[PDB]
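Every read-out reported here was derived from the displayed coordinates using simple, explicitly stated rules and does not represent laboratory data. Here the Cβ is made from the backbone with ideal geometry for all residues, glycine too, and neighbour counts use every protein chain on show.
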Amino acid sequence: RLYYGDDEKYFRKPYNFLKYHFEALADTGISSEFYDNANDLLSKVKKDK
Amino acid sequence: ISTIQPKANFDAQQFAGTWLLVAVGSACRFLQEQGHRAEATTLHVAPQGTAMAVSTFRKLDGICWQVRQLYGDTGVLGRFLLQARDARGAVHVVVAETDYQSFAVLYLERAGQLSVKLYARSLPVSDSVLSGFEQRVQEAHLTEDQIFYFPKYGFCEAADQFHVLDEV
């Protein structure tokens, strides 16, 4: 039999806690930003007499 | 221990490699009540020297689950203790009868509990081995109502990293 052991089903709340809620949540927020610029400007004159 | 003895000159080496669980005769009502929904159980075995690495695999709800147990050497060739992992207690396992290239019969005993398993290298098992095991069940004083056959398909080698129970 492959089965789940029923131990640890409950914990006793110490008196100093008004609540201990045990709600399970996850939040994942991800932001990825990429910015690239190039500004290339060759300018030239050549001359002869 | 019951009136049972190991395979004479049991060899962990040849007993090594994969075994398929064919059938289990047990007093454990878990197989009696909801004996259906017991998955095809495969048992990779490796000589941990005197102990044996024994990785059961199952499809728990279709989740491939490896359960690596040391069948730790009790100090008698072919008898094992399985650590006594927890309140599960010590489980006295005896390789009672086998030919290492086709079949083996294992006896597993716990306090007030005895269970016997038929394993085969390949499936189907020979009818001679089947009826021999059924005789072993009679000699264990179990009834036919207490023999439960495990399905022949959906064996699941290679439980992942996380679906590995690693009881040790």
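Could you list log10 I(q)/I(0) for segment B:71-113 at q = 0.16, 0.17 Å⁻¹, which the Debye formula gives when each Cα is one point scatterer?
Values returned for q = 0.16, 0.17 Å⁻¹ are -0.43, -0.48.
Would you calculate the separation in nanometres between label points at B:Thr18 and B:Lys59, each defined as 7 Å from the Cα along the Cα-to-beta-carbon direction?
1.5
Given the C-alpha centroids of segment B:11-77 and segment A:1-36, what is the distance between them in whole angstrom?
Segment B:11-77 and segment A:1-36 have Cα centres spaced 34 Å from each other.
Based on alpha-carbon positions alone, could you give the equivalent ellipsoid semi-axes of segment B:1-61 from the gyration tensor, as √(5λ), descending, whole Å?
Taking √(5λ) for each eigenvalue gives 25, 18, 9 Å, largest first.
So for the pair B:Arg85, B:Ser102, with labels modelled 7 Å out along Cα→Cβ, what separation do we get in nm?
Modelled inter-label distance: 3.3 nm.
By how many nm would the segment from A:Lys47 to A:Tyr20 grow when fully extended, if each residue of separation counts as 0.36 nm and the alpha-carbon distance is taken off? List each step's numbers first, then the result.
Numbers: separation 27, 0.36 × 27 = 9.72 nm, distance 8.51 nm.
This chain segment gains 1.2 nm when fully extended.
For segment B:66-79, in order, what is each residue's ³J(HN,Hα) by Karplus, 6.51 cos²θ - 1.76 cosθ + 1.60 with θ = phi - 60°, in whole Hz (x at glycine and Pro)?
Calculated HN-Hα couplings, in order: 7, 10, 6, 10, 5, 6, x, 4, 6, x, 9, 4, x, 10 Hz.
Sum -39500 (n - 2.57) across every DSSP H segment of at least 4 residues in chain B, then divide by the residue count to get the 222 nm mean residue ellipticity, nearest 500.
Values: 3 runs with 21 residues, N = 168.
Computed mean residue ellipticity for chain B: -3000 deg cm²/dmol.
Please give the charge dipole size of chain A, origin at the Cα centre, charges +1 on K and R Cβ atoms and -1 on D and E Cβ atoms. Round to the nearest 20 debye.
320
Using 7 Å Cα-to-Cβ label points, what is the B:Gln161/B:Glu134 separation (nm, one decimal)?
4.8
Across segment B:24-29, in residue order, what do the Karplus-derived ³J(HN,Hα) couplings come to in whole Hz, using 6.51 cos²θ - 1.76 cosθ + 1.60 with θ = phi - 60° and x for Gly and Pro?
10, x, 8, 6, 5, 4
Taking H as built 1.01 Å from N, whose amide H comes closer than 5 Å to the amide H of B:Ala96, not counting residues under 5 places away?
Under 5 Å from the amide H of B:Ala96: B:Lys7, B:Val105, B:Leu106, B:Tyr107.
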